[PDB]
Amino acid sequence: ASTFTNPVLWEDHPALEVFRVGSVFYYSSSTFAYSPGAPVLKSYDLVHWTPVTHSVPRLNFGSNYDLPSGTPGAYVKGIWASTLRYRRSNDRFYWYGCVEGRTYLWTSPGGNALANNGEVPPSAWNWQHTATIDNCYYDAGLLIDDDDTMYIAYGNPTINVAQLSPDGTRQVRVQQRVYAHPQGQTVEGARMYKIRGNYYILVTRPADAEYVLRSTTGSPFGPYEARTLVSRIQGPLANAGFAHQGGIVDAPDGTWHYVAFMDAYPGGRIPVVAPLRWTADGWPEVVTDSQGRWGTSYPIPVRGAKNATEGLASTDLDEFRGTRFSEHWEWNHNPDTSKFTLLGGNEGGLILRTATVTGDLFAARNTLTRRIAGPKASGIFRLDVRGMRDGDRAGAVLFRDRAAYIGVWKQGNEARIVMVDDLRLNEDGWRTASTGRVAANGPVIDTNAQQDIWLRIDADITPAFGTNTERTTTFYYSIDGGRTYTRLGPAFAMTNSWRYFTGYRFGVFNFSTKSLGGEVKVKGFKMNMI
Ligand SMILES: OC[C@@H]1O[C@@H](O[C@H]2[C@H](O[C@@H]3CO[C@@H](O)[C@H](O)[C@H]3O)OC[C@@H](O[C@@H]3OC[C@@H](O)[C@H](O)[C@H]3O)[C@@H]2O)[C@H](O)[C@H]1O
């Protein structure tokens, strides 16, 4: 396939950093209070991406990341725009991110990637907390320079550059205000580069432009001068704001590409790719289509690229086998590890024991989530719910700050299917605004039905950002082994607001309104494109 179409991945992976090691491209994204945090995706062509690891296996940023006492928890805090690079000299990946005023470094060995055309064996990833720096590198962009000195560009509304110690664990020096926009416009989203002898920093003007800065002195400390890379460019997707932020990366053939993202709410922020050309005077420019738009299709960045993949694809059936989750799953806040187990053996399965007593889904620990692929997808959870106890509520949630679910309520000796809507957080502070209402009752389910209940969410995430239209999701259940599905409840209208940042997700939850002791088994999950 000699060309590709935008977007390259229709899944919420915001604040991307991209770089190349040998034959492999790596992409790092932001995850807020979702745990594990800071996913890493891998590609051979900048187009087909597979998740391979997460840089922060459990969030270590403070006790609120364990959701100890309900809303506002650490909702919409945690990992904002951060940065990742691979250091050849010690075969180590470095992830830095500022969270609530301190900067955290997590590192992993690379399994000798520099020597194996950039491949990291799946077993070699092993991320550990390596340092904390007592300066906030808001919207950090790491550069490992050609002489092995490490720098971080950061800031909002103006850009600073810090020099780190040789081991990357301490700040040695900061130059403040290496760039300020001359008309007082806010910039942020720094990514930092050393390209053919010169220093570049990419910054965004939220949320519609990207500037390229270049050091006027040839020093990493600048000062820097700017040119526009994109400003309010049209395409390649409608109703998804503007392509901005992101970063630039070289393919093995020496050609450069700009990987930006779109505000494709209600789905989230998704990556788009364009080629770059370099001017004779040493600046990069986006290659547009014949109409000056970010093109819907372009030549493939790598020809005859490897197609091999690690682990389960986004749409692959996941029966929760083995000892670890696939790279697609993330908990809402850190999980209580004493309250879930992956069963292993022939069948696998995930046991979710109730971990929180609450009437409020947003206060519940151990809600397991994953990204919805767009523009439309069905997510199906298969459960055994015989272990539910009085007051337990479990099910499949369309999860965000305006949420709905289809699930099972156990009251006394009755288990029944319900559809619940009007679950809402207040965008001003993220306290609960509504704990929901039963919008429809489904049937009472007997023990045989309880042993195999299938819960289905059909979500439409077709972009609607900036429009007056809200997309809708519908909910279904099966109590005949997935052979027949029955619709339950109204169509649920989804928010287009950007304030929660993360897109809508599919999730499975289990909590109690009375007491702990109950459990469900999640036998499987499947996402189908619809
Ligand atoms: O378009 C959705 C996302 O917005 C960008 O993120 C920043 C955001 O930008 C506003 C988006 O809507 C515009 O109409 C408006 O004019 C933009 O300002 O809001 C600002 C910012 O968060 C702030 O960052 C600095 C920090 O110190 C503040 O506490 C924090 O509120 C946010 O990053 C993003 O580009 C796009 O995806």
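Positions are given from 1 along the sequence. We use all heavy atoms of the structure for the numbers below, so side chains are in, but hydrogens, waters and symmetry mates are not. Remember, it's 1-based here, ligands and their atoms both numbered in the order they're listed.
- Here the heavy atom of the protein found nearest to atom 25 (C) of ligand 1 is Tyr138 OH, 3.2 Å.
- Taking a distance limit of 4.0 Å, we find that atom 16 (O) of ligand 1 is approached by no protein heavy atom.
- Checked against a 6.0 Å centroid threshold, the rings of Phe93 and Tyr86 count as neighbours.
- Not less than 6.0 angstrom separates the ring centroid of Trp95 from the ring centroid of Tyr104.
- Per-atom contact check: atom 9 (O) of ligand 1 touches the protein, criterion being a heavy-atom distance below 4.0 Å.
- Remark: ligand 1 atoms within the under-4.0 Å shell around heavy atoms of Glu188 are 7 (C), 24 (O), 32 (C), 33 (O).
- Taking only nitrogen or oxygen atoms, main chain and side chain alike, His244 reaches within less than 3.5 Å of ligand 1.
- For atom 36 (C) of ligand 1, a protein non-hydrogen atom is found at a distance below 4.0 Å.
- Geometric assessment of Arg505 against the ring of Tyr34 yields a positive cation-pi assignment under the 6.0 Å and 45° thresholds.
- Taking atom 4 (O) of ligand 1 as the reference point, the nearest protein heavy-atom neighbour is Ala207 CB, 4.0 Å.
- Residue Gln245 approaches ligand 1 through these ligand atoms, each under 4.0 Å from one of its heavy atoms: 35 (O).
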Distance-only criterion, 3.5 Å: show the donor-acceptor pairs between side-chain atoms of residues 155-163 and protein atoms not counting sequence neighbours.
residue, atom, partner, partner atom, Å
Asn156, ND2, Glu188, OE1, 2.8
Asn160, OD1, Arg177, N, 2.9

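- Atom 31 (O) of ligand 1 is not flagged as protein-proximal [any protein heavy atom, distance under 4.0 Å].
- A donor-acceptor pair shorter than 3.5 Å cannot be found between the side chains of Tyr151 and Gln175.
- At the shortest separation from atom 19 (O) of ligand 1 among protein heavy atoms lies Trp498 CH2, 3.7 Å.
- Looking from atom 22 (O) of ligand 1 to the surrounding protein, the closest heavy atom is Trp80 CZ3, 3.8 Å.
- In this structure, a donor-acceptor pair under 3.5 Å is present between the side chains of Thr107 and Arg92.
- Residue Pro206 approaches ligand 1 through these ligand atoms, each under 4.0 Å from one of its heavy atoms: 9 (O).
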Before giving the answer on side-chain contact (heavy atoms from CB on, under 4.5 Å), spell out for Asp318 and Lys526 the whole-Å C-alpha distance, their side-chain angles and the decisive distance to 0.1 Å.
-> CA-CA 6 Å; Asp318 190 342; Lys526 176 78 169 63; over 6 Å; no

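- Looking only at heavy atoms of the protein, atom 1 (O) of ligand 1 is closest to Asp263 OD2, 2.7 Å.
- Judged purely by distance below 3.5 Å, without hydrogens or angles, the side chains of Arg214 and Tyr199 never pair a donor atom with an acceptor atom.
- For atom 28 (C) of ligand 1, the nearest protein heavy atom lies 4.0 Å away or farther.
- Annotation: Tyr154 is in aromatic contact with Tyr137 [ring centroid separation under 6.0 Å].
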